[PDB]
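Below is structure_18.cif, holding mmCIF, C-alpha atoms and all ligand atoms.
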```
data_structure
#
loop_
_atom_site.label_atom_id
_atom_site.label_comp_id
_atom_site.auth_asym_id
_atom_site.auth_seq_id
_atom_site.Cartn_x
_atom_site.Cartn_y
_atom_site.Cartn_z
CA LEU A 149 0.00 0.00 0.00
CA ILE A 150 1.48 3.18 -1.35
CA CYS A 151 -0.25 6.53 -1.11
CA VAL A 152 0.07 7.18 -4.83
CA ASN A 153 -2.00 4.13 -5.61
CA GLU A 154 -5.63 4.11 -4.66
CA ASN A 155 -4.87 6.71 -2.03
CA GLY A 156 -3.12 3.99 -0.06
CA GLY A 157 -6.52 2.68 0.88
CA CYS A 158 -7.07 5.80 3.03
CA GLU A 159 -10.42 7.55 3.14
CA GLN A 160 -8.68 10.94 3.45
CA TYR A 161 -4.98 11.74 3.83
CA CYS A 162 -2.02 9.36 3.45
CA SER A 163 1.67 9.42 4.37
CA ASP A 164 4.36 7.03 3.22
CA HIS A 165 6.89 5.90 5.75
CA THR A 166 10.16 4.08 5.84
CA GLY A 167 9.61 0.59 4.57
CA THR A 168 6.37 -1.05 3.58
CA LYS A 169 4.70 1.44 5.92
CA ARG A 170 1.80 3.81 5.51
CA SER A 171 -0.29 5.95 7.84
CA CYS A 172 -3.68 7.38 7.07
CA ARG A 173 -4.85 10.57 8.62
CA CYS A 174 -8.05 12.61 8.88
CA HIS A 175 -8.90 16.29 8.65
CA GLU A 176 -9.68 18.25 11.80
CA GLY A 177 -13.18 17.34 12.96
CA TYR A 178 -12.65 13.66 12.13
CA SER A 179 -10.98 10.71 13.83
CA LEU A 180 -9.39 7.61 12.37
CA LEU A 181 -11.10 4.27 13.00
CA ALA A 182 -9.35 1.10 14.11
CA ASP A 183 -9.29 -0.12 10.51
CA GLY A 184 -6.57 2.47 10.08
CA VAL A 185 -8.23 3.92 6.96
CA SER A 186 -11.73 5.27 7.74
CA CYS A 187 -12.52 8.70 9.12
CA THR A 188 -15.55 9.46 11.26
CA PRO A 189 -16.83 12.93 12.28
CA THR A 190 -16.12 14.10 15.81
CA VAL A 191 -18.08 17.34 15.54
CA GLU A 192 -21.54 18.40 14.45
CA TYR A 193 -20.46 20.23 11.27
CA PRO A 194 -17.37 18.57 9.86
CA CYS A 195 -15.91 20.05 6.70
CA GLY A 196 -17.10 18.79 3.36
CA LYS A 197 -20.34 17.16 4.53
CA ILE A 198 -23.79 18.47 3.71
CA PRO A 199 -25.99 18.37 6.84
CA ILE A 200 -29.38 18.22 5.11
CA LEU A 201 -28.18 15.23 3.06
CA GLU A 202 -26.41 13.51 5.95
CA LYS A 203 -29.71 13.60 7.81
CA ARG A 204 -31.67 12.93 4.65
CA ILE B 213 -23.43 29.69 -14.15
CA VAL B 214 -24.59 28.74 -17.66
CA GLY B 215 -26.49 25.53 -18.16
CA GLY B 216 -26.64 24.39 -14.56
CA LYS B 217 -29.43 24.03 -12.06
CA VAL B 218 -30.53 25.63 -8.83
CA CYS B 219 -28.45 24.30 -5.94
CA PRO B 220 -31.12 23.19 -3.48
CA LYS B 221 -30.96 25.40 -0.42
CA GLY B 222 -28.37 24.05 1.99
CA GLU B 223 -26.67 21.78 -0.54
CA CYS B 224 -23.85 24.21 -1.23
CA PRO B 225 -23.26 25.34 2.37
CA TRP B 226 -19.69 26.50 1.81
CA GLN B 227 -20.65 29.01 -0.91
CA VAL B 228 -19.89 32.65 -0.07
CA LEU B 229 -21.28 35.80 -1.67
CA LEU B 230 -18.98 38.83 -1.64
CA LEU B 231 -20.55 42.30 -1.68
CA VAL B 232 -19.07 45.77 -2.06
CA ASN B 233 -21.38 48.67 -1.17
CA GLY B 234 -24.18 46.06 -1.14
CA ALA B 235 -23.49 45.07 -4.76
CA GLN B 236 -22.52 41.60 -5.95
CA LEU B 237 -18.77 41.35 -6.43
CA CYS B 238 -17.77 37.69 -6.57
CA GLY B 239 -18.16 34.33 -4.92
CA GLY B 240 -15.96 32.58 -2.37
CA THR B 241 -15.55 29.36 -0.45
CA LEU B 242 -15.66 28.96 3.31
CA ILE B 243 -12.77 26.71 4.52
CA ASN B 244 -12.97 27.42 8.26
CA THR B 245 -15.08 29.63 10.50
CA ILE B 246 -12.98 32.73 9.78
CA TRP B 247 -11.37 31.98 6.39
CA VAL B 248 -12.71 32.33 2.85
CA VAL B 249 -10.90 31.52 -0.39
CA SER B 250 -11.76 33.65 -3.43
CA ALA B 251 -10.08 35.01 -6.61
CA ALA B 252 -7.46 37.78 -6.51
CA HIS B 253 -8.91 39.58 -9.52
CA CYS B 254 -12.10 40.26 -7.60
CA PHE B 255 -10.17 42.95 -5.74
CA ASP B 256 -8.44 44.70 -8.66
CA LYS B 257 -10.64 47.81 -8.44
CA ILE B 258 -11.56 48.11 -4.79
CA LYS B 259 -11.46 51.68 -3.60
CA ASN B 260 -12.80 51.40 -0.08
CA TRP B 261 -11.45 48.24 1.44
CA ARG B 262 -13.69 48.78 4.44
CA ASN B 263 -16.92 48.13 2.58
CA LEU B 264 -16.35 44.48 1.70
CA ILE B 265 -18.86 41.98 3.10
CA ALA B 266 -19.00 38.18 2.99
CA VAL B 267 -22.36 36.45 3.29
CA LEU B 268 -22.72 32.80 4.27
CA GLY B 269 -25.89 30.76 4.14
CA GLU B 270 -27.23 32.70 1.18
CA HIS B 271 -29.55 31.12 -1.34
CA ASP B 272 -32.19 33.41 -2.82
CA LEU B 273 -30.98 36.99 -3.12
CA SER B 274 -34.54 38.31 -3.29
CA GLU B 275 -35.39 37.38 0.25
CA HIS B 276 -34.22 37.12 3.79
CA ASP B 277 -34.90 33.84 5.49
CA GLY B 278 -32.72 34.09 8.56
CA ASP B 279 -30.06 31.54 7.61
CA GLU B 280 -27.79 34.26 6.15
CA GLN B 281 -24.75 35.41 8.13
CA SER B 282 -22.88 38.53 7.09
CA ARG B 283 -19.35 39.44 8.12
CA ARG B 284 -16.94 42.23 7.39
CA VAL B 285 -13.79 41.25 5.55
CA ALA B 286 -10.83 42.13 7.82
CA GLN B 287 -8.00 40.98 5.54
CA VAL B 288 -7.59 40.24 1.84
CA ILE B 289 -4.39 38.30 1.19
CA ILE B 290 -3.04 38.01 -2.33
CA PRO B 291 0.11 36.20 -3.60
CA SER B 292 3.04 38.40 -4.54
CA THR B 293 3.09 36.73 -7.92
CA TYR B 294 -0.41 37.90 -8.89
CA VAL B 295 -0.49 40.77 -11.37
CA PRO B 296 -3.71 42.79 -11.48
CA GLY B 297 -5.78 42.28 -14.59
CA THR B 298 -4.37 38.87 -15.36
CA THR B 299 -5.17 35.24 -14.72
CA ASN B 300 -2.09 33.58 -13.23
CA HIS B 301 -2.10 33.11 -9.44
CA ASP B 302 -5.73 34.13 -9.22
CA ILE B 303 -6.36 33.40 -5.58
CA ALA B 304 -7.16 35.36 -2.42
CA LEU B 305 -7.46 34.39 1.22
CA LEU B 306 -9.96 36.44 3.21
CA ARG B 307 -10.09 36.74 6.98
CA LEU B 308 -13.51 37.54 8.41
CA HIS B 309 -13.84 40.08 11.25
CA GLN B 310 -15.76 37.54 13.34
CA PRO B 311 -16.27 33.80 12.80
CA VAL B 312 -19.41 32.54 11.17
CA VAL B 313 -21.47 30.08 13.20
CA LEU B 314 -21.65 26.67 11.66
CA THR B 315 -25.20 25.51 10.99
CA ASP B 316 -27.09 23.22 8.64
CA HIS B 317 -26.72 26.05 6.10
CA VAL B 318 -23.16 27.16 6.82
CA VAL B 319 -20.38 24.56 6.63
CA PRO B 320 -16.75 24.79 5.45
CA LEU B 321 -15.40 22.89 2.44
CA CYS B 322 -12.33 20.85 3.29
CA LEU B 323 -9.03 22.30 2.17
CA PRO B 324 -7.16 19.11 1.26
CA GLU B 325 -3.55 18.17 1.80
CA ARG B 326 -1.40 18.86 -1.26
CA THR B 327 -0.42 15.22 -1.74
CA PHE B 328 -3.97 13.99 -1.54
CA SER B 329 -5.15 16.67 -3.92
CA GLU B 330 -2.43 15.95 -6.51
CA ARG B 331 -2.44 12.15 -6.22
CA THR B 332 -6.14 11.53 -5.85
CA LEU B 333 -8.48 14.47 -6.25
CA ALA B 334 -6.89 15.64 -9.50
CA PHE B 335 -8.10 12.41 -11.10
CA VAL B 336 -11.72 12.62 -10.07
CA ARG B 337 -13.38 13.51 -13.36
CA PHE B 338 -16.36 15.61 -12.36
CA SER B 339 -16.63 18.41 -9.84
CA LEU B 340 -19.20 21.07 -8.94
CA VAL B 341 -18.94 24.79 -9.61
CA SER B 342 -21.44 27.23 -8.18
CA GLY B 343 -22.45 30.88 -8.01
CA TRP B 344 -24.91 33.69 -8.61
CA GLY B 345 -23.21 34.77 -11.84
CA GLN B 346 -24.64 35.28 -15.31
CA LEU B 347 -27.02 32.61 -16.55
CA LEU B 348 -26.05 33.39 -20.12
CA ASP B 349 -23.25 35.17 -21.90
CA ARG B 350 -24.30 38.85 -21.91
CA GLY B 351 -27.22 37.89 -19.67
CA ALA B 352 -28.66 38.67 -16.22
CA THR B 353 -27.23 37.17 -13.05
CA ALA B 354 -29.01 34.56 -11.02
CA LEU B 355 -31.24 35.25 -8.02
CA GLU B 356 -30.94 31.67 -6.71
CA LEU B 357 -27.62 29.89 -6.25
CA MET B 358 -26.74 27.77 -9.28
CA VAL B 359 -24.54 24.71 -9.57
CA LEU B 360 -22.94 22.85 -12.46
CA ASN B 361 -21.11 19.53 -12.84
CA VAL B 362 -17.97 19.98 -14.97
CA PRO B 363 -15.29 17.53 -16.12
CA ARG B 364 -11.62 18.29 -15.64
CA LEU B 365 -9.13 18.13 -18.47
CA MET B 366 -5.42 17.46 -18.37
CA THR B 367 -3.76 20.62 -19.60
CA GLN B 368 -2.31 18.89 -22.65
CA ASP B 369 -5.82 17.83 -23.57
CA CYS B 370 -7.23 21.26 -22.91
CA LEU B 371 -4.82 22.89 -25.32
CA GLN B 372 -5.56 20.33 -28.01
CA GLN B 373 -9.34 20.27 -27.61
CA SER B 374 -9.41 24.06 -27.69
CA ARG B 375 -10.55 25.70 -30.88
CA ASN B 382 -2.27 30.21 -21.88
CA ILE B 383 -2.71 27.63 -19.23
CA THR B 384 -0.05 27.56 -16.56
CA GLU B 385 0.75 25.01 -13.88
CA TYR B 386 -1.27 27.21 -11.52
CA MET B 387 -4.43 26.58 -13.50
CA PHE B 388 -6.61 23.86 -14.90
CA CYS B 389 -9.38 23.58 -17.48
CA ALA B 390 -12.79 22.17 -16.85
CA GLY B 391 -16.12 22.21 -18.57
CA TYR B 392 -17.36 21.96 -22.13
CA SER B 393 -16.35 23.29 -25.51
CA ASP B 394 -19.84 23.35 -27.05
CA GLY B 395 -21.02 26.62 -25.53
CA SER B 396 -23.71 25.04 -23.35
CA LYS B 397 -22.22 24.94 -19.88
CA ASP B 398 -19.74 27.13 -17.99
CA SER B 399 -19.05 29.41 -15.07
CA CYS B 400 -19.44 33.09 -15.94
CA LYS B 401 -18.98 36.67 -14.74
CA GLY B 402 -20.36 36.94 -11.25
CA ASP B 403 -19.14 33.44 -10.36
CA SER B 404 -15.44 34.23 -10.00
CA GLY B 405 -13.99 33.30 -6.65
CA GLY B 406 -16.48 30.51 -6.13
CA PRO B 407 -15.72 26.87 -5.48
CA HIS B 408 -14.77 24.03 -7.73
CA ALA B 409 -15.57 21.21 -5.27
CA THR B 410 -14.57 17.59 -5.66
CA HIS B 411 -16.15 14.57 -3.99
CA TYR B 412 -14.10 11.67 -2.70
CA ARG B 413 -15.34 8.84 -0.53
CA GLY B 414 -18.17 10.77 1.07
CA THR B 415 -16.52 14.16 1.58
CA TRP B 416 -16.09 17.29 -0.51
CA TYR B 417 -12.83 19.17 -1.05
CA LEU B 418 -11.68 22.46 -2.57
CA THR B 419 -9.80 21.83 -5.81
CA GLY B 420 -10.36 24.98 -7.83
CA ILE B 421 -11.42 28.60 -7.80
CA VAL B 422 -13.51 30.05 -10.65
CA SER B 423 -11.09 32.43 -12.33
CA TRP B 424 -11.64 34.34 -15.57
CA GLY B 425 -10.90 35.06 -19.16
CA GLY B 427 -15.76 34.75 -22.77
CA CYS B 428 -18.48 32.81 -21.06
CA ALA B 429 -19.69 29.51 -22.52
CA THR B 430 -17.74 30.37 -25.65
CA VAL B 431 -17.69 27.64 -28.27
CA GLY B 432 -14.25 26.07 -28.56
CA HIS B 433 -13.15 27.05 -25.07
CA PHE B 434 -13.19 25.64 -21.59
CA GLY B 435 -13.48 27.27 -18.19
CA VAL B 436 -10.27 28.16 -16.38
CA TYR B 437 -9.81 27.49 -12.70
CA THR B 438 -7.06 28.29 -10.22
CA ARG B 439 -5.29 25.05 -9.23
CA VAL B 440 -5.71 25.19 -5.47
CA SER B 441 -3.27 22.35 -4.85
CA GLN B 442 -0.40 24.71 -5.69
CA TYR B 443 -1.44 26.99 -2.83
CA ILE B 444 -2.19 24.64 0.07
CA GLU B 445 1.04 25.32 1.93
CA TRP B 446 0.76 29.05 1.26
CA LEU B 447 -2.78 29.12 2.63
CA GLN B 448 -1.99 27.01 5.65
CA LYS B 449 0.92 29.22 6.66
CA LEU B 450 -1.19 32.36 6.37
CA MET B 451 -4.00 30.85 8.47
CA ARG B 452 -1.47 30.39 11.27
CA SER B 453 -0.34 34.02 11.08
CA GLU B 454 -1.50 37.04 13.06
CA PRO B 455 -3.57 39.72 11.30
CA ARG B 456 -1.85 42.90 10.13
CA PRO B 457 -3.28 46.43 10.02
CA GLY B 458 -4.69 47.42 6.69
CA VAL B 459 -7.03 45.17 4.78
CA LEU B 460 -4.95 44.29 1.73
CA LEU B 461 -1.87 42.16 2.33
CA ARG B 462 0.42 40.93 -0.37
CA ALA B 463 2.19 37.81 0.83
CA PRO B 464 5.21 36.13 -0.73
CA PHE B 465 4.56 33.21 -2.99
CA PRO B 466 5.72 30.53 -2.73
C1 LIG A 501 -11.36 46.84 -14.96
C2 LIG A 501 -12.61 46.06 -14.56
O1 LIG A 501 -13.56 46.95 -13.97
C3 LIG A 501 -12.18 45.00 -13.58
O2 LIG A 501 -11.30 44.22 -13.91
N1 LIG A 501 -12.74 44.92 -12.36
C4 LIG A 501 -12.32 43.88 -11.39
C5 LIG A 501 -13.36 42.79 -11.31
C6 LIG A 501 -14.01 42.52 -10.11
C7 LIG A 501 -14.97 41.52 -10.05
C8 LIG A 501 -15.28 40.77 -11.15
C9 LIG A 501 -14.63 41.04 -12.36
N2 LIG A 501 -14.90 40.32 -13.51
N3 LIG A 501 -15.05 40.86 -14.82
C10 LIG A 501 -15.26 39.88 -15.64
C11 LIG A 501 -15.26 38.65 -14.93
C12 LIG A 501 -15.41 37.28 -15.45
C13 LIG A 501 -15.54 36.83 -16.75
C14 LIG A 501 -15.63 35.38 -16.71
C15 LIG A 501 -15.77 34.35 -17.64
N4 LIG A 501 -15.81 33.09 -17.25
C16 LIG A 501 -15.74 32.72 -15.98
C17 LIG A 501 -15.62 33.67 -14.99
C18 LIG A 501 -15.54 35.02 -15.34
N5 LIG A 501 -15.41 36.17 -14.62
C19 LIG A 501 -15.01 38.98 -13.61
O3 LIG A 501 -14.92 38.14 -12.55
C20 LIG A 501 -13.67 42.03 -12.43
CA CA A 502 -31.67 35.05 1.08
#
```
Encoded form using structure tokens:
Amino acid sequence: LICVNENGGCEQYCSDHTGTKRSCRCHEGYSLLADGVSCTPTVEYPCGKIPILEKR
Amino acid sequence: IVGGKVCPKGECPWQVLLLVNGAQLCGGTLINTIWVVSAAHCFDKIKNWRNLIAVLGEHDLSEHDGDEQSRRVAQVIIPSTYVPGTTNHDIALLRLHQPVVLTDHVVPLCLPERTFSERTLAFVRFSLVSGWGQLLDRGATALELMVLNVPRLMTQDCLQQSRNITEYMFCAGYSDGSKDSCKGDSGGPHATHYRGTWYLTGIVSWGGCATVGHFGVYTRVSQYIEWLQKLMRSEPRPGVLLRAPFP
């Protein structure tokens, strides 16, 4: 898993590290799940989500 | 916006309207509670820097519905490399006098990391552009916020398919004269969806609206991420206009 390919499997941000290593990260207002790839909101109005649609 | 549709109220919650003396100037994009990204050229002819207003939560310009939030613009930051009346480096970072309050109708667009934007977002074909600009070339502006899905071209392809694009720009749209961003839209977002979240990838620039044989030109926001991030960490300076070194 390299960041350049398929975003390294990350939902959001990706950093390559020394070796066959990769770390995903999330924008402020999100936290990384235990899968090491997924980002979940931590606030009411995270960036880049549309509240009326998120609610339906 | 030519050939789009009304953005249903609340579906473009990052869109900003910029006013000068109550008159429509340009669009913008909210990226945090105090920071708006727009186009440098929007400010080429500003006389009284004190009379600039940003409105969030706007939809229908004919009415007041209570979701609007207006703020004075405290700082307009423009790259050193921008030359008034031109297209290259057409980007501005605006500091609001007071934060907006996030609501169902007011939400920032994510400013992505440079790597992510270059490696991933740049390859998402379609993105949304929005504004209250002209509905037609040489036509009236829109009263309701409009939105348009446009496909991005590699610059090589843009040049070919076209009947001066720098590394600080990209082309998107259509060459058939049906669909484009237009005067009144400049400064607004080109927003890109990836895995359930929207990101800022372009700014509506200028140069000819929905002109056959030509595509829309957008400022390539990825080139400016580091520049923007550094400025957002900086203290405000007296006097509204600030020219900041680029890179
Ligand atoms: C000396 C003149 O008065 C002056 O330059 N004033 C500055 C100033 C401010 C605010 C807006 C504009 N301004 N004029 C034209 C366009 C424009 C054309 C166009 C085509 N396709 C897409 C986006 C587009 N935008 C535009 O944004 C200009
Ligand atoms: Ca309104």
Exercise. Excluding same-chain residues fewer than 3 positions from region 304-308 of chain B, what lies within 7 Å of it counting all atoms listed in the file, as a count of residues only?
Worked result: 16
For this session: Report as an NGL selection string which protein, DNA and RNA residues come within 10 Å of ligand LIG 501 (chain A), using only C-alpha atoms and all ligand atoms.
Result: :B and (213-214 or 230 or 232 or 236-239 or 251-258 or 296-298 or 345-346 or 349 or 398-406 or 421-425 or 427-430 or 434-437)
Please check the contacts: residues of chain A at most 8 Å away from chain B, using all atoms listed in the file, listed as a PDB file with C-alpha atoms, in the frame of the given file.
```pdb
ATOM      1  CA  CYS A 151      -0.250   6.530  -1.110  1.00  0.00           C
ATOM      2  CA  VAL A 152       0.070   7.180  -4.830  1.00  0.00           C
ATOM      3  CA  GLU A 154      -5.630   4.110  -4.660  1.00  0.00           C
ATOM      4  CA  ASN A 155      -4.870   6.710  -2.030  1.00  0.00           C
ATOM      5  CA  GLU A 159     -10.420   7.550   3.140  1.00  0.00           C
ATOM      6  CA  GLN A 160      -8.680  10.940   3.450  1.00  0.00           C
ATOM      7  CA  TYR A 161      -4.980  11.740   3.830  1.00  0.00           C
ATOM      8  CA  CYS A 162      -2.020   9.360   3.450  1.00  0.00           C
ATOM      9  CA  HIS A 175      -8.900  16.290   8.650  1.00  0.00           C
ATOM     10  CA  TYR A 193     -20.460  20.230  11.270  1.00  0.00           C
ATOM     11  CA  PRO A 194     -17.370  18.570   9.860  1.00  0.00           C
ATOM     12  CA  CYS A 195     -15.910  20.050   6.700  1.00  0.00           C
ATOM     13  CA  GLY A 196     -17.100  18.790   3.360  1.00  0.00           C
ATOM     14  CA  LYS A 197     -20.340  17.160   4.530  1.00  0.00           C
ATOM     15  CA  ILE A 198     -23.790  18.470   3.710  1.00  0.00           C
ATOM     16  CA  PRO A 199     -25.990  18.370   6.840  1.00  0.00           C
ATOM     17  CA  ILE A 200     -29.380  18.220   5.110  1.00  0.00           C
ATOM     18  CA  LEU A 201     -28.180  15.230   3.060  1.00  0.00           C
TER      19      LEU A 201
END
```
For the interface of chain B with ligand CA 502 (chain A) (cut-off 9 Å, counting all atoms listed in the file), please tabulate each contacting residue of chain B alongside its nearest pair of atoms and their separation in Å to one decimal, rows sorted by chain and increasing number, as JSON lines.
```
{"residue": "B:269", "atom": "CA", "partner": "A:CA502", "partner_atom": "CA", "distance": 7.8}
{"residue": "B:270", "atom": "CA", "partner": "A:CA502", "partner_atom": "CA", "distance": 5.0}
{"residue": "B:271", "atom": "CA", "partner": "A:CA502", "partner_atom": "CA", "distance": 5.1}
{"residue": "B:272", "atom": "CA", "partner": "A:CA502", "partner_atom": "CA", "distance": 4.3}
{"residue": "B:273", "atom": "CA", "partner": "A:CA502", "partner_atom": "CA", "distance": 4.7}
{"residue": "B:274", "atom": "CA", "partner": "A:CA502", "partner_atom": "CA", "distance": 6.2}
{"residue": "B:275", "atom": "CA", "partner": "A:CA502", "partner_atom": "CA", "distance": 4.5}
{"residue": "B:276", "atom": "CA", "partner": "A:CA502", "partner_atom": "CA", "distance": 4.3}
{"residue": "B:277", "atom": "CA", "partner": "A:CA502", "partner_atom": "CA", "distance": 5.6}
{"residue": "B:278", "atom": "CA", "partner": "A:CA502", "partner_atom": "CA", "distance": 7.6}
{"residue": "B:279", "atom": "CA", "partner": "A:CA502", "partner_atom": "CA", "distance": 7.6}
{"residue": "B:280", "atom": "CA", "partner": "A:CA502", "partner_atom": "CA", "distance": 6.4}
{"residue": "B:356", "atom": "CA", "partner": "A:CA502", "partner_atom": "CA", "distance": 8.5}
```
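In this structure, CA of residue 460 (chain B) sits 29.5 Å away from CA of residue 355 (chain B).
CA of residue 166 (chain A) is positioned 28.4 Å from CA of residue 447 (chain B).
Atom to atom, CA of residue 419 (chain B) and CA of residue 456 (chain B) stand 27.6 Å apart.
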For this session: Pick out the residues sitting within 10 Å of residue 171 (chain A), and hand them over as JSON, numbers by chain; count only C-alpha atoms, and ignore anything fewer than 2 positions along from it in its own chain.
Result: {"A": [149, 150, 151, 156, 157, 158, 161, 162, 163, 164, 165, 169, 173, 184, 185]}
Need the shell around residue 177 (chain A): protein/DNA/RNA residues with any atom at most 6 Å away, counting only C-alpha atoms. Skip same-chain ones fewer than 5 positions apart. Format as a short mmCIF file (atom, residue, chain, number, x, y, z; two decimals) with C-alpha atoms, in the coordinates of the input?
```cif
data_model
loop_
_atom_site.label_atom_id
_atom_site.label_comp_id
_atom_site.auth_asym_id
_atom_site.auth_seq_id
_atom_site.Cartn_x
_atom_site.Cartn_y
_atom_site.Cartn_z
CA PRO A 189 -16.83 12.93 12.28
CA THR A 190 -16.12 14.10 15.81
CA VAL A 191 -18.08 17.34 15.54
CA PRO A 194 -17.37 18.57 9.86
#
```
Give me the box for region 346-358 of chain B as lines of an AutoDock Vina configuration file, namely the centre and edge lengths in Å to one decimal of a box along x, y and z that holds every listed atom plus 8 Å on each side.
```
center_x = -27.2
center_y = 33.3
center_z = -14.1
size_x = 24.0
size_y = 27.1
size_z = 31.7
```
Write out as a compact mmCIF listing (two decimals) with C-alpha atoms, keeping the file's coordinate frame the residues lying within 10 Å of residue 390 (chain B), counting only C-alpha atoms and excluding same-chain residues fewer than 5 positions away.
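And here's result-v4.txt as it stands now:
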```txt
# COMPACT_ATOMS: atom_id res chain seq x y z
CA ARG B 337 -13.38 13.51 -13.36
CA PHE B 338 -16.36 15.61 -12.36
CA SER B 339 -16.63 18.41 -9.84
CA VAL B 341 -18.94 24.79 -9.61
CA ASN B 361 -21.11 19.53 -12.84
CA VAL B 362 -17.97 19.98 -14.97
CA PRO B 363 -15.29 17.53 -16.12
CA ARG B 364 -11.62 18.29 -15.64
CA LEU B 365 -9.13 18.13 -18.47
CA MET B 366 -5.42 17.46 -18.37
CA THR B 367 -3.76 20.62 -19.60
CA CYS B 370 -7.23 21.26 -22.91
CA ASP B 398 -19.74 27.13 -17.99
CA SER B 399 -19.05 29.41 -15.07
CA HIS B 408 -14.77 24.03 -7.73
CA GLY B 420 -10.36 24.98 -7.83
CA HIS B 433 -13.15 27.05 -25.07
CA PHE B 434 -13.19 25.64 -21.59
CA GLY B 435 -13.48 27.27 -18.19
CA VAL B 436 -10.27 28.16 -16.38
CA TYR B 437 -9.81 27.49 -12.70
```
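Compared by their closest atoms to residue 465 (chain B), and using all atoms listed in the file, the residues B:348, B:360, B:354, B:303 rank with B:303 nearest.
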